[PDB]
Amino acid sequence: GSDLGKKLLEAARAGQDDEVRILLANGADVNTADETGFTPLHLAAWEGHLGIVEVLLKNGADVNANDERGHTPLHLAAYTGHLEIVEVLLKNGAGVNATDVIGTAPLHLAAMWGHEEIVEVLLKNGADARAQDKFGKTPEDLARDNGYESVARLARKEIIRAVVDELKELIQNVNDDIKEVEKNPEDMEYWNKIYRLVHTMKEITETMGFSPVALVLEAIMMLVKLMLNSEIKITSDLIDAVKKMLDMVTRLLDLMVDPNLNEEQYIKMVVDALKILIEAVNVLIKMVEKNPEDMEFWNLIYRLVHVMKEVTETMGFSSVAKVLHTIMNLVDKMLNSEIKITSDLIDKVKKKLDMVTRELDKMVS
């Protein structure tokens, strides 16, 4: 009864390989528990005794045993940071996404103390990077709060990758819907469904960050909203413009999940993104060309040019920062109605934007 169970607990805790083997041989309950509910596997993983972990697992140890606090042996192995014990537990069907009472997964325990190797292993075995504990904290958040910048950046990259996959699923939905309207433009319902999809996308992008994608999605939202309130006649050319903006959003999403290359590919990433959002600004300029006098669209162009100036400044590109600063100055003049909106002004902005594009091409070329 309690005799062999207590001696087995104490032997697993102390690291007595032979004593564990003997006690198991004499019919000791492998899944015995202490006051708090720790089975010998919990204690073996805690103290880091790989041999005893392996032996216990061979003799029927419960890999997913929970204690009072809802902790499996994998929680404790990830906390203490014993890589090989984590690997064996996962090998024997351990719960990679097991959640305790406070909502803390093993990835939280690994990332919060910066045990990079076990974090990588856990992610390899399908660990949820976006898992949130009872306090709305992801593993990224816990690692960053404790000063582990490397693991924080890694968890961030994983969250970005998963979010991009989700957004691609949303893009597929939107593309099916836009095809179905292209066949029957009469249905306004499809446009409302597309509006819902784009609004959810906009919310996700704002939540993560990715301001450029958020602003392009906001342009999408304005167009679909005008069509819903029958402010504009449903044209096929405007639909092709929406198609082009969705395509560029998808491509930008592809850009975000770049293979962690070297500074050269980093430059190519930023230059491609710069060209993509320039294409977006060109779409906006064409739309303003056809229907000016709606300052919301100008505020959005301002927001995009501001994001671009920020990106450049952070990444140098002083010539481009200056040209975009001038663009922003002209737009600022316009919003407070200093100057009169004239076709020559929009055309001049277009000329300067083309000069920007050639300056970037010169930089990358």
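Residues carry their position along the shown sequence, with the first being 1.
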Between 266 to 274 and 121 to 129, which has the larger average Cα B-factor in the PDB entry? 266 to 274
Stretch with the higher entry mean CA B-factor, where the candidates are 340 to 348 and 15 to 23: 340 to 348
Out of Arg153, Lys233, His108, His75, which shows the largest CA B-factor listed in the entry? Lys233
Looking only at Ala33, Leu335, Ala44, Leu57, the Cα with the top B-factor belongs to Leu335
Compared with the other modelled residues in the chain, in which third is the CA B-factor of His325? highest
Could you tell me which third, lowest, middle or highest, the C-alpha B-factor of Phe210 occupies within its chain? highest
Rank-wise, by C-alpha B-factor, drop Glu189 into the lowest, middle or highest third of its chain. highest
Assert third(CA B-factor, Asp141) within chain per record equals lowest
Comparing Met245 with the other modelled residues of its chain, is its CA B-factor in the lowest, middle or highest third? middle
